[PDB]
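This is my_file08.cif. It holds mmCIF, N, CA and C atoms.
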data_start
loop_
_atom_site.group_PDB
_atom_site.id
_atom_site.type_symbol
_atom_site.label_atom_id
_atom_site.label_comp_id
_atom_site.auth_asym_id
_atom_site.auth_seq_id
_atom_site.Cartn_x
_atom_site.Cartn_y
_atom_site.Cartn_z
ATOM 1 N N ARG A 3 -40.350 40.118 -0.081
ATOM 2 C CA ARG A 3 -39.922 41.143 -1.068
ATOM 3 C C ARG A 3 -38.873 40.623 -2.025
ATOM 4 N N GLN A 4 -37.694 40.274 -1.509
ATOM 5 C CA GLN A 4 -36.611 39.754 -2.352
ATOM 6 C C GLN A 4 -36.261 38.311 -2.007
ATOM 7 N N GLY A 5 -36.088 37.467 -3.018
ATOM 8 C CA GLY A 5 -35.751 36.077 -2.760
ATOM 9 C C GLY A 5 -35.424 35.265 -4.001
ATOM 10 N N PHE A 6 -35.137 33.984 -3.810
ATOM 11 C CA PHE A 6 -34.809 33.122 -4.929
ATOM 12 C C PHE A 6 -35.995 32.319 -5.435
ATOM 13 N N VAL A 7 -35.944 31.995 -6.727
ATOM 14 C CA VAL A 7 -36.937 31.153 -7.392
ATOM 15 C C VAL A 7 -36.090 30.325 -8.356
ATOM 16 N N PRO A 8 -36.540 29.094 -8.686
ATOM 17 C CA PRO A 8 -35.769 28.254 -9.609
ATOM 18 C C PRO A 8 -35.733 28.930 -10.965
ATOM 19 N N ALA A 9 -34.525 29.041 -11.511
ATOM 20 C CA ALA A 9 -34.308 29.679 -12.797
ATOM 21 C C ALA A 9 -35.099 28.991 -13.905
ATOM 22 N N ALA A 10 -35.315 27.692 -13.750
ATOM 23 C CA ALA A 10 -36.045 26.914 -14.745
ATOM 24 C C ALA A 10 -37.502 27.332 -14.913
ATOM 25 N N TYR A 11 -38.055 27.912 -13.858
ATOM 26 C CA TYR A 11 -39.458 28.303 -13.842
ATOM 27 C C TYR A 11 -39.775 29.740 -14.236
ATOM 28 N N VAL A 12 -38.775 30.461 -14.733
ATOM 29 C CA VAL A 12 -38.980 31.840 -15.179
ATOM 30 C C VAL A 12 -38.309 32.013 -16.523
ATOM 31 N N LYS A 13 -38.844 32.919 -17.335
ATOM 32 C CA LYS A 13 -38.265 33.191 -18.641
ATOM 33 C C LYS A 13 -37.794 34.637 -18.684
ATOM 34 N N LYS A 14 -36.519 34.850 -19.017
ATOM 35 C CA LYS A 14 -35.970 36.202 -19.103
ATOM 36 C C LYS A 14 -36.459 36.932 -20.351
ATOM 37 N N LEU A 15 -37.014 38.120 -20.156
ATOM 38 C CA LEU A 15 -37.495 38.919 -21.276
ATOM 39 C C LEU A 15 -36.316 39.708 -21.849
ATOM 40 N N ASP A 16 -36.438 40.123 -23.101
ATOM 41 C CA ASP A 16 -35.387 40.910 -23.732
ATOM 42 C C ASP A 16 -35.136 42.129 -22.872
ATOM 43 N N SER A 17 -33.886 42.577 -22.881
ATOM 44 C CA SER A 17 -33.470 43.749 -22.137
ATOM 45 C C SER A 17 -34.029 44.976 -22.850
ATOM 46 N N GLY A 18 -34.313 46.017 -22.076
ATOM 47 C CA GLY A 18 -34.833 47.251 -22.633
ATOM 48 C C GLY A 18 -34.385 48.336 -21.693
ATOM 49 N N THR A 19 -35.271 49.272 -21.382
ATOM 50 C CA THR A 19 -34.992 50.379 -20.460
ATOM 51 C C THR A 19 -35.179 49.882 -19.040
ATOM 52 N N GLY A 20 -34.311 50.334 -18.145
ATOM 53 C CA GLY A 20 -34.442 49.934 -16.758
ATOM 54 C C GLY A 20 -33.953 48.532 -16.449
ATOM 55 N N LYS A 21 -34.480 47.992 -15.356
ATOM 56 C CA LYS A 21 -34.104 46.677 -14.865
ATOM 57 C C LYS A 21 -34.513 45.502 -15.737
ATOM 58 N N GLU A 22 -33.835 44.379 -15.520
ATOM 59 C CA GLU A 22 -34.139 43.162 -16.248
ATOM 60 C C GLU A 22 -35.454 42.591 -15.700
ATOM 61 N N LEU A 23 -36.210 41.923 -16.557
ATOM 62 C CA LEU A 23 -37.502 41.373 -16.174
ATOM 63 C C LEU A 23 -37.637 39.911 -16.559
ATOM 64 N N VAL A 24 -38.367 39.138 -15.753
ATOM 65 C CA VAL A 24 -38.630 37.727 -16.050
ATOM 66 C C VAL A 24 -40.128 37.426 -15.956
ATOM 67 N N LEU A 25 -40.574 36.412 -16.691
ATOM 68 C CA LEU A 25 -41.967 35.990 -16.689
ATOM 69 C C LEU A 25 -42.073 34.689 -15.897
ATOM 70 N N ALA A 26 -43.016 34.623 -14.959
ATOM 71 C CA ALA A 26 -43.203 33.394 -14.178
ATOM 72 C C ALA A 26 -43.958 32.402 -15.062
ATOM 73 N N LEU A 27 -43.338 31.249 -15.326
ATOM 74 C CA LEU A 27 -43.947 30.229 -16.167
ATOM 75 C C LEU A 27 -44.900 29.322 -15.411
ATOM 76 N N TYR A 28 -44.734 29.233 -14.096
ATOM 77 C CA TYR A 28 -45.578 28.382 -13.268
ATOM 78 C C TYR A 28 -45.728 29.005 -11.905
ATOM 79 N N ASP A 29 -46.762 28.601 -11.170
ATOM 80 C CA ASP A 29 -46.945 29.054 -9.786
ATOM 81 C C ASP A 29 -45.828 28.359 -9.004
ATOM 82 N N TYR A 30 -45.281 29.043 -8.016
ATOM 83 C CA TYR A 30 -44.230 28.466 -7.210
ATOM 84 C C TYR A 30 -44.364 29.005 -5.812
ATOM 85 N N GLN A 31 -44.655 28.117 -4.874
ATOM 86 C CA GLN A 31 -44.785 28.500 -3.484
ATOM 87 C C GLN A 31 -43.413 28.316 -2.832
ATOM 88 N N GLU A 32 -42.988 29.323 -2.084
ATOM 89 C CA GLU A 32 -41.709 29.291 -1.399
ATOM 90 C C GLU A 32 -41.629 28.042 -0.523
ATOM 91 N N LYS A 33 -40.470 27.398 -0.515
ATOM 92 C CA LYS A 33 -40.254 26.174 0.257
ATOM 93 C C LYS A 33 -39.253 26.397 1.404
ATOM 94 N N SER A 34 -38.537 27.509 1.353
ATOM 95 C CA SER A 34 -37.574 27.824 2.392
ATOM 96 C C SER A 34 -37.550 29.344 2.583
ATOM 97 N N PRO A 35 -37.147 29.826 3.767
ATOM 98 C CA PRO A 35 -37.105 31.264 4.010
ATOM 99 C C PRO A 35 -36.429 32.145 2.948
ATOM 100 N N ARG A 36 -35.404 31.634 2.268
ATOM 101 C CA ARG A 36 -34.672 32.416 1.255
ATOM 102 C C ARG A 36 -35.358 32.518 -0.114
ATOM 103 N N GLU A 37 -36.497 31.853 -0.245
ATOM 104 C CA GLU A 37 -37.256 31.845 -1.485
ATOM 105 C C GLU A 37 -38.447 32.780 -1.414
ATOM 106 N N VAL A 38 -39.069 33.027 -2.560
ATOM 107 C CA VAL A 38 -40.283 33.830 -2.589
ATOM 108 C C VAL A 38 -41.323 33.093 -3.437
ATOM 109 N N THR A 39 -42.575 33.507 -3.281
ATOM 110 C CA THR A 39 -43.686 32.929 -4.021
ATOM 111 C C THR A 39 -44.026 33.790 -5.249
ATOM 112 N N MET A 40 -44.323 33.116 -6.351
ATOM 113 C CA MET A 40 -44.708 33.778 -7.576
ATOM 114 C C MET A 40 -45.887 33.022 -8.199
ATOM 115 N N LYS A 41 -46.710 33.759 -8.936
ATOM 116 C CA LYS A 41 -47.869 33.189 -9.606
ATOM 117 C C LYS A 41 -47.580 33.212 -11.087
ATOM 118 N N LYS A 42 -48.015 32.168 -11.784
ATOM 119 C CA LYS A 42 -47.866 32.039 -13.225
ATOM 120 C C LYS A 42 -48.333 33.326 -13.912
ATOM 121 N N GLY A 43 -47.489 33.877 -14.781
ATOM 122 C CA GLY A 43 -47.830 35.096 -15.496
ATOM 123 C C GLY A 43 -47.265 36.370 -14.886
ATOM 124 N N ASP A 44 -46.742 36.271 -13.662
ATOM 125 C CA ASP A 44 -46.143 37.415 -12.972
ATOM 126 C C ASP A 44 -44.921 37.905 -13.730
ATOM 127 N N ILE A 45 -44.708 39.216 -13.704
ATOM 128 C CA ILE A 45 -43.569 39.851 -14.363
ATOM 129 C C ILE A 45 -42.743 40.354 -13.181
ATOM 130 N N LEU A 46 -41.621 39.688 -12.930
ATOM 131 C CA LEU A 46 -40.783 40.024 -11.782
ATOM 132 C C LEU A 46 -39.499 40.726 -12.196
ATOM 133 N N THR A 47 -39.040 41.615 -11.321
ATOM 134 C CA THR A 47 -37.811 42.366 -11.530
ATOM 135 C C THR A 47 -36.696 41.375 -11.196
ATOM 136 N N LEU A 48 -35.776 41.159 -12.127
ATOM 137 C CA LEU A 48 -34.659 40.246 -11.912
ATOM 138 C C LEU A 48 -33.489 41.000 -11.243
ATOM 139 N N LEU A 49 -33.067 40.539 -10.060
ATOM 140 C CA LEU A 49 -31.963 41.162 -9.329
ATOM 141 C C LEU A 49 -30.608 40.491 -9.564
ATOM 142 N N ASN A 50 -30.587 39.171 -9.721
ATOM 143 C CA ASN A 50 -29.312 38.484 -9.903
ATOM 144 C C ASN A 50 -29.519 37.129 -10.550
ATOM 145 N N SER A 51 -28.918 36.949 -11.720
ATOM 146 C CA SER A 51 -29.040 35.701 -12.448
ATOM 147 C C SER A 51 -27.700 35.021 -12.642
ATOM 148 N N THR A 52 -26.766 35.236 -11.729
ATOM 149 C CA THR A 52 -25.453 34.631 -11.904
ATOM 150 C C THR A 52 -25.423 33.135 -11.637
ATOM 151 N N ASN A 53 -26.329 32.657 -10.784
ATOM 152 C CA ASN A 53 -26.370 31.233 -10.476
ATOM 153 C C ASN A 53 -27.212 30.479 -11.479
ATOM 154 N N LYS A 54 -26.714 29.320 -11.863
ATOM 155 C CA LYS A 54 -27.383 28.470 -12.817
ATOM 156 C C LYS A 54 -28.759 27.942 -12.361
ATOM 157 N N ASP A 55 -28.943 27.748 -11.057
ATOM 158 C CA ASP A 55 -30.175 27.162 -10.549
ATOM 159 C C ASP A 55 -31.194 28.029 -9.840
ATOM 160 N N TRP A 56 -30.711 29.034 -9.124
ATOM 161 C CA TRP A 56 -31.562 29.932 -8.357
ATOM 162 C C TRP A 56 -31.351 31.383 -8.762
ATOM 163 N N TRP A 57 -32.425 32.067 -9.150
ATOM 164 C CA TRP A 57 -32.307 33.474 -9.523
ATOM 165 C C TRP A 57 -32.929 34.331 -8.446
ATOM 166 N N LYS A 58 -32.325 35.484 -8.183
ATOM 167 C CA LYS A 58 -32.841 36.400 -7.171
ATOM 168 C C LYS A 58 -33.744 37.411 -7.868
ATOM 169 N N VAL A 59 -34.992 37.460 -7.427
ATOM 170 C CA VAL A 59 -35.985 38.356 -7.979
ATOM 171 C C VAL A 59 -36.626 39.163 -6.865
ATOM 172 N N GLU A 60 -37.362 40.178 -7.289
ATOM 173 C CA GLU A 60 -38.092 41.019 -6.371
ATOM 174 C C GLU A 60 -39.582 40.864 -6.701
ATOM 175 N N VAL A 61 -40.376 40.534 -5.688
ATOM 176 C CA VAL A 61 -41.809 40.346 -5.850
ATOM 177 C C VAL A 61 -42.542 41.525 -5.238
ATOM 178 N N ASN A 62 -43.500 42.065 -5.981
ATOM 179 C CA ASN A 62 -44.301 43.201 -5.541
ATOM 180 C C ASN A 62 -45.576 42.688 -4.903
#
Now, as a test, write the supplied structure out as structure tokens.
Amino acid sequence: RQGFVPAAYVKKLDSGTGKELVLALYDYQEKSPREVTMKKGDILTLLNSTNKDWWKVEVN
């Protein structure tokens, strides 16, 4: 459900109504328990982007 993905592999969309959103630029299979898997083209809810390298997102 919730986990980290490399910030380099997602693009932050402009802010609008509601939560922040990011676009998955590439497929990424989780490599450690704290990570999540995303498929290229996925629109993920961004939970925390304070870290330069790992962003916390929510995967549906």
Assuming the chain letters and numbering stay as they are in my file, what does the PyMOL selection byres (((chain A and resi 44-50 and name CA) around 7) and name CA) actually select? List them as an MDAnalysis selection string. chainID A and resid 21:26 40:43 51:52 57:61
Could you check how far atom C of residue 4 of chain A sits from atom N of residue 18 of chain A, in Å to one decimal?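 It comes out at 21.6 Å.
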Interatomic distance (Å, one decimal) between atom C of residue 30 of chain A and atom N of residue 16 of chain A: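 It comes out at 22.0 Å.
Taking atom C of residue 55 of chain A and atom CA of residue 19 of chain A as endpoints, the distance between them is 25.0 Å.
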Could you check which of A:33, A:38, A:54, A:28 is closest to residue 11 of chain A, using only C-alpha atoms?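 Of A:33, A:38, A:54, A:28, the one nearest residue 11 of chain A is A:28, counting only C-alpha atoms.
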